[PDB]
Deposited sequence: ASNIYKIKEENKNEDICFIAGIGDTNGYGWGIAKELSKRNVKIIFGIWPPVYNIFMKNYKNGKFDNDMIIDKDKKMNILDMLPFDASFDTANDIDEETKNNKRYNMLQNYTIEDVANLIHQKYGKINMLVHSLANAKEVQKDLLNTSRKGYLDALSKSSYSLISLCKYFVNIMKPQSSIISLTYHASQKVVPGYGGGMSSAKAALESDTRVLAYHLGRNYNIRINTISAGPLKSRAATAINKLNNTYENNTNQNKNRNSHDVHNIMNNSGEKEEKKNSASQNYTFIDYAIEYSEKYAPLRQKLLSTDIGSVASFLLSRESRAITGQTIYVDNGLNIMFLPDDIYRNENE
């Protein structure tokens, strides 16, 4: 049981919660870390900054097999642009394209069992969809949607039959969340549809499964960066109006992904699964209702 988790930058996101929960099941875990934060992550980890965040309970802490620099906007080394080659954080680093990381993992560890796509990006997220530029829009689809397909395409050859693949989405794909701008809504819409199409292909040709988890709000780094703030309203609305009022943890999403990545979920594929305390089911805020 080896899982590659792409899209860990710190201990505050969904990627860390998935790591944690899978570690609970003695899955070996490999982090794919975006190069602009790689060296920072590695320093904090080496200086024990996350040690407390690695604790599960009395007698298991997390065990991280490897941490690799990983940029899912580049499929192969030939795709790396000149702007990126001329960026100091990327220059120390090698083998950070989807193809390169897949080759490295395979040669180093052999075939793996699970894959987590826990990343997204969009230059113009601050702009509403109507005022998003073409370049901004396509950047969102490239980083947040296409990335999954290419990840699947390069990883299928290094995954065993009956492996499982997970991505994270948001309900803004399906119902309007003002503030979820820059084509991110569009990108999550595509990702949930592509999950179906990929499940057909991965199912039939590889007996590999793929699903997506539509998560509720978490104050991760990426979330707080959208412009108190958007995420703060989102959390507070969720905790007020969700069927289950308890605070939503990265690790609640971690448990469901760990189930979807295991053979326990073997008759589930191509699905969007809501791990959001049931908020998605509500139509009207509850205020007046006695």
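Residues of the deposited sequence that lack C-alpha coordinates fall in the stretches 1-14, 242-282, 346-349.
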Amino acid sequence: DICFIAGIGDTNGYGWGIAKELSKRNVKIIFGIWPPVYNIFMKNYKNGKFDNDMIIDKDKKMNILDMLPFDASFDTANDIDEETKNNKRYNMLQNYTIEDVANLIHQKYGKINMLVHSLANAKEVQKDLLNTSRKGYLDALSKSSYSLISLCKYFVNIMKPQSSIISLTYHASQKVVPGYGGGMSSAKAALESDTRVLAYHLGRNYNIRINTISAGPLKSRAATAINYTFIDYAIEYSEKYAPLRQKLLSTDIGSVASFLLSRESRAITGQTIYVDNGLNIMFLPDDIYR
From here on, numbers count along this sequence of modelled residues.
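Only the largest set of C-alpha atoms that superpose within 1.5 Å between the two forms is called the rigid core.
Comparing 76-84 with 100-108 in 6 other deposited structures of this protein, after superposition on the rigid core, the stretch with the greater RMS C-alpha deviation is 76-84.
Using the rigid core as the fitting frame, the root mean square C-alpha deviation in 6 other deposited structures of this protein is greater for 86-94 than for the other of 86-94 and 203-211. Modelled in this chain, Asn227 is nonetheless unresolved in at least one third of the other entries of the protein that span it on both sides. Per the compared records, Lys61 is resolved in all of the other entries whose models span it, so no third of them omit it.
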